[PDB]
Amino acid sequence: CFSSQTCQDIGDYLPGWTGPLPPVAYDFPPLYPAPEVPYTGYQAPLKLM
Amino acid sequence: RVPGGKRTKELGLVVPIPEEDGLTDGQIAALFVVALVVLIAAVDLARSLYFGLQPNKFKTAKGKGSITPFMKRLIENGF
Amino acid sequence: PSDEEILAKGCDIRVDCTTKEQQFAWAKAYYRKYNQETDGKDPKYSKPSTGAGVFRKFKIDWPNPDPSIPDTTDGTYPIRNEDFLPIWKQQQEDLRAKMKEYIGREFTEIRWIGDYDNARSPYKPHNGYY
Amino acid sequence: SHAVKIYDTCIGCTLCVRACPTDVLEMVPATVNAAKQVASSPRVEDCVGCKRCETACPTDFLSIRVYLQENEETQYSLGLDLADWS
Amino acid sequence: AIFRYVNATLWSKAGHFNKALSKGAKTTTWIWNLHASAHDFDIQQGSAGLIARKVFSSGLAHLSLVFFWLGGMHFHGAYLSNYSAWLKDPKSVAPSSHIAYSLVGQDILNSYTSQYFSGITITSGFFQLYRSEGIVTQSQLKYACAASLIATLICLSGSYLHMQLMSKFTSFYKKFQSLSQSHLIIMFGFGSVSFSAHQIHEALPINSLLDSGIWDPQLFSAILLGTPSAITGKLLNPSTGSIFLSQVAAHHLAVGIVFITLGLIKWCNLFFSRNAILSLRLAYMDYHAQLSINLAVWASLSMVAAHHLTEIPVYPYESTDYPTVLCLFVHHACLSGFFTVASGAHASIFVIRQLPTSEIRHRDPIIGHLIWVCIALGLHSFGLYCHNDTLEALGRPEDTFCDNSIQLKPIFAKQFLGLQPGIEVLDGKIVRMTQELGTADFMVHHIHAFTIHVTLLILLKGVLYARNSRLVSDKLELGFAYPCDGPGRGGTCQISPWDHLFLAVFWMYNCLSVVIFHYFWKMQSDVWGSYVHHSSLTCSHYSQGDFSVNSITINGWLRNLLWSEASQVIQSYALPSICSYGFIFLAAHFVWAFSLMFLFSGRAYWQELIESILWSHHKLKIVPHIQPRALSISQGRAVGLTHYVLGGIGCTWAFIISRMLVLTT
Ligand code: CLA
Ligand code: CLA
Ligand SMILES: CC1=C(C#C/C(C)=C/C=C/C(C)=C/C=C/C=C(C)/C=C/C=C(C)/C=C/[C@@]23O[C@]2(C)C[C@@H](O)CC3(C)C)C(C)(C)C[C@H](O)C1
Ligand SMILES: CC1=C(/C=C/C(C)=C/C=C/C(C)=C/C=C/C=C(C)/C=C/C=C(C)/C=C/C2=C(C)CCCC2(C)C)C(C)(C)CCC1
Ligand SMILES: CC1=C(C/C=C(\C)CCC[C@H](C)CCC[C@H](C)CCCC(C)C)C(=O)c2ccccc2C1=O
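Asks: How should I be thinking about the overall build of chain C in this particular structure?
Replies: Looking only at helices and strands, chain C features three helices and one strand. Of the regular secondary structure in chain C, the N- to C-terminal order runs α-α-β-α. A compact globule built from 130 residues would reach a C-alpha radius of gyration of about 14 Å, whereas chain C, at 38 Å, exceeds it by more than 25%. Each of the three principal axes of chain C carries a C-alpha extent, and together these read 110 × 50 × 20 Å. By residue count, 31% of the 130 residues in chain C fall in the buried class. When contacts within chain C are restricted to residue pairs at least 6 apart in sequence, those whose partners lie at least 24 apart make up 11%. Averaging the locations of the 21 positively and 22 negatively charged side chains of chain C gives two centres separated by 4 Å.

Asks: How should the pattern of salt bridges be read in this particular structure?
Replies: Side chains carrying opposite charge are able to pair once their charged atoms draw close together. Evaluation of the coordinates by the stated rule reveals 25 salt bridges over all chains. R52(D) is paired through a salt bridge with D474(E); the nearest N and O atoms lie 3.0 Å apart. Of this pair, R52(D) sits in helix 2 (residues 52-56) while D474(E) sits in the loop between helix 13 (439-464) and helix 14 (475-478), each in a different chain. Take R52(D) and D474(E): they sit in the same class, and that class is buried.

Asks: For this particular structure, what's the right way to read the state of the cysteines?
Replies: Note on terminology: disulfide describes a covalent bond linking the sulfur atoms of two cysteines. For the structure shown, the criterion picks out one disulfide over all chains. Each disulfide pairs two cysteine sulfurs, and for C1(A) the partner residue is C7(A), the sulfurs being separated by 2.0 Å. With no disulfide of its own, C374(E) lies 12 Å from the sulfur of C511(E), the closest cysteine sulfur. In this structure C374(E) comes out as buried when scored by relative accessible area, which is 4%.

Asks: Whenever I open this one, the interface of chain C and chain B confuses me. Can you help?
Replies: Reports often express the size of an interface as the amount of accessible area lost when the parts come together. Listed per partner, the contact involves 12 residues of chain C and 13 residues of chain B. Summing both sides of the interface, chain C and chain B together bury roughly 950 Å²; the carbon and sulfur share of this comes to 57%. Linking chain C to chain B there are zero salt bridges. Linking chain C to chain B there are three residue pairs in polar contact. The residue makeup of the side of chain C that touches chain B, split by class, is six nonpolar, three polar and three charged.

Asks: Got a minute to help me understand the site of ligand 1 in this structure?
Replies: Residues and elements named next belong to chain E. The full set close to ligand 1 counts 18 residues, and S97, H98, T121, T123 and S124 are the nearest of them. When contributions to the shell around ligand 1 are tallied by element, the ones reaching two or more residues are helix 2 (48-79), helix 19 (579-600) and helix 21 (633-664). A per-element tally of the shell around ligand 1 places helix 19 first, with five residues.

Asks: Sorry, what's going on with the sheet that holds strand 5 (residues 530-532) of chain E here?
Replies: What links the strands of a sheet is backbone hydrogen bonding, and the strands pair in either a parallel or an antiparallel sense. Read from one edge to the other, the open sheet built from three strands follows the order 1(C)-6(E)-5(E), with strand pairing classed as antiparallel. The sheet is open, and its two borders are formed by strand 1 (77-78) of chain C together with strand 5 of chain E, each paired with just one other strand. Here two bridges tie strand 1 of chain C to strand 6 (residues 536-540) of chain E, and the two strands are oriented antiparallel to one another. Residue pairing for strand 6 of chain E: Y77(C) is matched across the bridge by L537(E).

Asks: Honestly, the interface of chain E and chain C in this entry has me stumped. Any pointers?
Replies: Taken together, the 67 residues of chain E in the interface contact 49 residues of chain C. Looking only at chain E, the three residues that lose the most surface to chain C are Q218(E), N404(E) and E436(E), adding up to 13% of its buried area. Put simply, chain E and chain C have three salt bridges between them. Across the salt bridge formed by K41(C) and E392(E), the nearest N and O atoms sit 2.9 Å from each other.

Asks: Please clarify how a nonpolar patch on the surface should be interpreted in this entry.
Replies: Residues and elements named next belong to chain E. The grouping of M187, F188, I293, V297, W298, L301, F338 and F339 at the surface amounts to a nonpolar patch, some 700 Å² of accessible area in total. Elements with a minimum of two residues in the nonpolar patch: helix 6 (176-212), helix 10 (287-311) and helix 11 (322-353). Considering each element in turn, the nonpolar patch owes the most residues, four residues, to helix 10. Inspection of the secondary structure assignment puts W298 in helix 10.

Asks: Quick question: what am I supposed to make of the site of ligand 5 here?
Replies: Residues and elements named next belong to chain E. The environment of ligand 5 is made up of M597, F598, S601, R603, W606, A630, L631, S632 and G636. Measuring from an oxygen atom of ligand 5, one finds a backbone N or O atom of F598 at 3.5 Å. Note that an oxygen atom of ligand 5 is positioned 2.8 Å from one of the backbone N or O atoms of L631. Starting from 790 Å² of accessible surface for ligand 5 in isolation, the protein chains cover 45%. Among the secondary structure elements, those contributing two or more residues to the shell around ligand 5 are helix 19 and helix 20 (603-619). For the shell around ligand 5, the residue count by class is five nonpolar, three polar and one charged.

Asks: Whenever I open this one, helix 2 (residues 20-34) of chain C confuses me. Can you help?
Replies: The periodicity of an α-helix, 3.6 residues per turn, causes residues three or four places apart in sequence to face the same way. Between its first and last C-alpha, helix 2 of chain C extends 21 Å over 15 residues, near the 21 Å set by a 1.5 Å rise per residue. Turning to helix 2 of chain C, its buried residues are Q23(C), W26(C), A27(C), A29(C), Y30(C) and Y31(C). Packing partners of the buried residues in helix 2 of chain C comprise helix 1 (6-11) of chain B together with helix 1 (3-9) of chain C.

Asks: Help me understand the pairing of strand 6 of chain E, please; the structure alone is not making it clear to me.
Replies: Note on strand geometry: in a regular strand, side chains alternate between the two faces of the sheet. Residues and elements named next belong to chain E. Side-chain alternation along strand 6 places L537 and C539 on a buried face and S536, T538 and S540 on a face that remains uncovered. With three bridges connecting them, strand 5 and strand 6 associate as antiparallel partners. Across the sheet, residue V532 finds its bridge partner in strand 6, namely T538.

Asks: Explain the environment of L21(A) here, please?
Replies: Residues and elements named next belong to chain A. Its location among the elements puts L21 in the segment after helix 1 (10-13). Given the relative accessible area of 45%, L21 is considered partly exposed. Between the alpha carbons of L21 and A44 there is a distance of 22 Å; along the sequence they are 23 residues apart.

Asks: Mind showing me how you'd approach the side chain of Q92(C) here?
Replies: Inspection of the secondary structure assignment puts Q92(C) in helix 3 (residues 84-103). Judged by relative accessible area, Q92(C) falls into the buried class, the value being 16%. Apart from the residues lying within four places of it in its own chain, the contact partners of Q92(C) are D211(E), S212(E) and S239(E).

Asks: Help me understand the packing of aromatic side chains, please; the structure alone is not making it clear to me.
Replies: Aromatic rings considered in pairs are described by the distance between their centres and by the relative angle of their planes. Taken as a whole, this structure holds 42 aromatic pairs over all chains when the rule is applied. Aromatic side chains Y129(C) and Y130(C) sit 5.9 Å apart centroid to centroid with 75° between the ring planes, which places their arrangement in the edge-to-face category. Exposure remark for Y129(C): the relative accessible area of 36% places this residue in the partly exposed category. Ring geometry for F590(E) against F594(E): centres 6.4 Å apart, planes inclined by 10°, an arrangement best described as stacked. Remark: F594(E) and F590(E) occur in helix 19; sequence separation between them is four residues, near one turn of the helix. The exposure class of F590(E) is exposed, given its relative accessible area of 59%. Ring-pair connections join several aromatic residues into one group, and the members of that group are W112(C), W69(E), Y83(E), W86(E), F126(E), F127(E), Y130(E) and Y317(E).

Asks: What is the right way to read the nonpolar core from this model?
Replies: Nonpolar side chains in soluble globular proteins tend to end up buried together. Counting 88 residues, the largest nonpolar core has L326(E), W528(E), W557(E) and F655(E) as its most contacted members. Looking at which element gives the most residues to this core, the answer is helix 15 (residues 497-526) of chain E, with 17 residues. In contact with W557(E), not counting residues within four places along its chain, are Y385(E), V444(E), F517(E), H518(E), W521(E), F547(E), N550(E), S551(E) and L562(E). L95(C), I110(C), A78(E) and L141(E) belong to the second-largest nonpolar core, a separate cluster that totals 29 residues.

Asks: For this particular structure, what's the right way to read a negative patch on the surface?
Replies: Together, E19(B), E20(B), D21(B) and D25(B) line one region of the surface with negative charge. In this structure, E19(B) sits in the loop between helix 1 and helix 2 (25-51).

Asks: Explain the packing of helix 6 of chain E against helix 8 (residues 245-267) of chain E to me, please; I cannot follow it from the model alone.
Replies: The geometry of a pair of packed helices is captured by two quantities: the angle between their axes and the separation between those axes. All names here are of chain E. Contact pair helix 6 / helix 8: the axes reach a minimum separation of 8 Å and the direction vectors enclose 160°. When the axis of helix 6 is compared with that of helix 8, the two are roughly antiparallel. For the pair helix 6 and helix 8, the sense of crossing is left-handed. Here the residues of the contact of helix 6 with helix 8 are counted per class, giving 20 nonpolar, 12 polar and one charged.

Asks: Would you take a moment to explain the arrangement of the chains for this structure?
Replies: Across the five pairs of chains in contact, the largest number of contacts is found between chains C and E. For chain A and chain D, which are not in contact, the least C-alpha distance works out to 50 Å. With no contact formed, the shortest span from any C-alpha in chain C to any C-alpha in chain D equals 49 Å.

About the thresholds
- Residues numbered from 1 in each chain as written, not as in the entry; some residues may be left out.
- Chains lettered and ligands numbered in written order.
- Part of a larger assembly, values for the part shown.
- Heavy atoms only, no water.
- Helix = DSSP H or I, 4+ residues; strand = E, 2+ residues; numbered from the N terminus.
- Rg over C-alpha atoms; globule rule 2.2 N^0.38 Å.
- Buried < 20%, exposed > 50% of the residue type's maximum accessible area, 1.4 Å probe, protein only.
- Contact = heavy atoms within 4.5 Å.
- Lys, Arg positive; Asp, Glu negative; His and termini not counted.
- Charge placed at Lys NZ, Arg CZ, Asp CG, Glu CD.
- Salt bridge = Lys/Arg side-chain N within 4 Å of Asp/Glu carboxyl O.
- Disulfide = S-S within 2.5 Å.
- Buried area = accessible area lost by both parts, 1.4 Å probe.
- Polar contact = N/O pair within 3.5 Å; in protein donor to acceptor, adjacent residues only side chain to side chain.
- Nonpolar A, V, L, I, M, F, W, Y, C, P; charged D, E, K, R; others polar.
- Near = heavy atom within 4 Å.
- Pairing = 2+ DSSP bridges.
- Patch = residues over 30% accessible without salt bridge, like charges linked within 9 Å, V, L, I, M, F, W, Y side chains within 5 Å.
- Areas by Shrake-Rupley, 256 points an atom, 1.4 Å probe, with all protein chains shown as cover.
- Expected span 1.5 Å × (residues − 1).
- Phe/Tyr/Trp six-rings, centres within 6.5 Å; stacked < 30°, edge-to-face > 60°.
- Core = buried A, V, L, I, M, F, W, Y, C linked by side-chain atoms within 4.5 Å.
- Axes fitted to C-alpha atoms, helices over the stretch in contact; angles between N-to-C directions.
- Parallel < 35°, antiparallel > 145°, perpendicular 65-115°, else oblique.
- Left-handed = near helix turned anticlockwise from the far one by under 90°.

Now the structure itself:
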């Protein structure tokens, strides 16, 4: 995958990969529920997305 | 010629070349004969310089040595 | 007159060509006849090989060639990842619109030397927090 | 070989002898000075020419002098190791 | 702990540290020795505990100095810079946090950078660094300056305190396992993780907003938002021409995790081949051994930094800021060379002061084969250039080594990035372009290898033959820094490791000058420049791609690089921007020539001249009781080396910076 072979994509480099995150079929749910209605000074947790 | 000089290109200076060589084979041969004489004499001179003076000559060499009268007069006059 | 007759007559300061103008005219005729502007070296040695977009002509790296180097020998370089530029513009415009809607007012240029109150400060605003 | 000479200004402090790297020098009895001894140079054939004796000499100008002689270089004075002239 | 023993009484003694300076000021050699041995804490009066005290406290004091310098940089950026104009429009405005006075007409130095600002264009990349860090406000820069000054004060206090906190029982500096574990897990692992956190939480939103075009205070005060699935480095920010800062933050998180994992496996003893390194562990527990190893490590890291800061773009707009990238590369390459020769020096010092490793017992084969490889490399590599010169002069280009003629293809120089075909551009400039290697690159790379090997030869010979040799068998008794052993044994000039460094510095400077010229010319000819219009662009490079055609001959280097590209610096007098660079060019030439004085002459001539001069002073009753003396032999060598390197570096500095500034503006 370096000189004789030109690997264009992350999937080419590592089989089964299609993005920055590993190809795990598990959607990691939030460990704790979030407030449906927010409040001033909340700073909701960021999403790796 | 392919001149490379600014002044040469500007003023059109030229290197004229004759139609015939200046000297002939016989002339070059004569000059080489003179040069060969020079070379033989120079080899002899180099040998003489290498070996320097030989003060032993008075022991075996023919003759009894000689000083020119002018050389004697110079010696008498001194330095 | 002409170079042919000028050189046929020739130049001699000692006898007839006592005129510096005639002397240099003959010199110019001889120059034009017997001198060349350039040695005539092959133009190929002057053309670039690397960075001119004509690298593939020389076949320097034929075994396992580098893909990033364009294959075309015309001397032109394509822009890498052309397709993304419209996509990037669309993404940035979408983000601009999203943040505009989220704030609810037009974006205001920040002041390098300006001072802005914190949005959560407990005291009355002195300068708008935005 | 070099020439190591000693002059009567010598006071017999032995510093030259102690600084000798190849033991060229030795103190010998004398009456010229108060110390009653003067450095000598018997083994001048081993002198390499480092002038450490000269460095260690106290006198106003050196009572020991090393004269270098590049024309008479020997293997001992050159410190030859890989090649042998003996 | 007892601070009653720190008094200013010793400040006026001027030589208390060295016992050899007790007979104060009988000559000027005393002054010179005072300065030379000021920081040689090993040979100074005291004990090993005091040596450790001084080493650590001096390290902290230097830390405070660096923090002060960084705080000054931040202050200049905040108050004496056009960072605001640069941030809003980086391309139009050149970075400048440097302003000169109008004393003697010196205001001419300031050049047009923006409508309201005039000054000197900076080339350190500090503006790009601030932009990457997310600093977009004068208040932020001011608080960074305040933090740097507070750190300076803290480090100064720490040095002063540790000069007495550490006693003769102190041993925390000998706990190598603890030191290495702490540095690997906290300083590196936790540091990288924390900086990834900083990037994610501060720089990523600010940088994304800046790329979009948003400059709203509320926004300035969702990771992977814009980054596609494309491999990092294979796709640069189209609006910034640099690797995505989210990719950089992920990199730092991964690096911190890897460092923590390495530290934890070392803690658990998972690494097993301790015996292979146990010999080095026992041998190299020395100040100079550690200093040499660290200097070599940082030299190599500086060289890798020089290469990567340019080849791999990570700072915003630094790719198109051609003076910045060039200056960064050149500066870090020079630091690499200097720290490598330093590593050689302190390896020699460690060998002198401690027992060497067993590879010194077959030193003759090592240095012999290194000598042979140096000779063969130099012969082939430079004689290819000489062959090209001679044949081209004779008029036989078909006989030279070039792409059109006999060609030396670099078969092993193979790609690994696997980039897509084409080049990356950003607002009329080539941010990224593949470098195509040919005969010229082959020849120049082998020249690089030759010079590196000769410098290594000098350093290794100095290290291995430090204790003794066939010539002199008591070099250990002679010490580390002595001029010679005498005129004997043919002459023992410059047999000391100090002199071996004195020559290795010349050779390192030669190597680095060739490296700088190669990088400069190759980048100008084949990478940098503008473009003129699936679309195909014809790329107009600054040097017009003449490296591949002219670099094959030394005459080509002399003409197309030095003479041709010295037009900017040589003709810089009238221009307000670079007149200082032209003057520095001239003055550096002067200093370099002046160094030859000390490099060629000798002590005795100057001592005799000084005595003849002093005759007149004594005649007129001007009797200096600090008797004037000519500089020692080693000092003369050091002065010559310093002036030589400084002059050469100054000439190169002014030449390259003038060229870049004029070309980009
Ligand atoms: C009074 C003279 C003076 C002063 C006080 C400063 C001060 C500063 N300059 Mg410099 N500068 C000067 C003259 C001066 N400059 C001149 C004449 C020029 C040419 C126009 C420049 C061009 C310049 C640029 C382009 C940059 C600076 C920067 C800086 C900062 C760097 C910190 C520093 O110096 O670390 C200490 C560093 C050293 C002691 C370096 C020593 C080794 C150098 C690199 C060798 C190179 C050759 C040398 C200059 C000349 C040798 C020959 C000579 C003896 C005849 C600081 C504010 C940088 C910055 O970020 O500013 C905010 C920056 O980017 N300066
Ligand atoms: C004399 C020592 C020497 C040194 C210091 C270098 C240095 C370099 N070469 Mg190499 N090179 C050498 C000899 C050397 N070369 C020889 C003899 C040849 C054959 C003509 C080459 C052919 C060559 C090419 C084609 C390329 C390099 C390249 C490089 C770079 C390293 C990367 C690489 O691919 O290396 C490869 C290194 C080799 C192929 C040489 C292998 C090591 C030696 C020769 C083994 C000999 C030992 C043998 C078993 C016993 C000999 C006994 C003796 C009595 C005969 C670097 C500039 C590359 C580069 O960056 O170019 C721009 C590149 O493309 N070299
Ligand atoms: C030996 C002997 C005896 C005898 C005898 C006899 C009869 C001997 C006769 C000998 C004879 C008849 C010998 C001629 C030589 C001619 C020469 C060398 C000519 C050279 C001419 C030269 C080198 C000229 C050269 C050139 O200048 C030329 C021409 C042209 C120029 O461009 C330049 C050059 C350099 C090219 C005795 C007396 C009977 C008894 C005794 O007991 C023993
Ligand atoms: C200056 C300069 C530079 C740079 C440098 C740097 C930048 C470095 C880095 C630095 C850094 C950046 C560092 C870092 C650090 C960090 C740290 C050291 C951290 C730590 C952490 C910790 C300590 C933790 C703590 C904690 C908490 C948070 C609480 C609780 C828990 C715990 C305990 C864990 C160089 C080299 C180029 C040289 C030249 C100039
Ligand atoms: C010149 C020279 C001297 C004589 C040089 C001496 C004594 C140096 C003079 C030192 C002065 C007094 C230091 C003060 C600094 C300068 C006078 C500063 C000038 C700055 C200008 C900008 C005005 C040696 O002693 C010597 C020794 C060994 C090898 C080479 C040499 C050598 O080359």
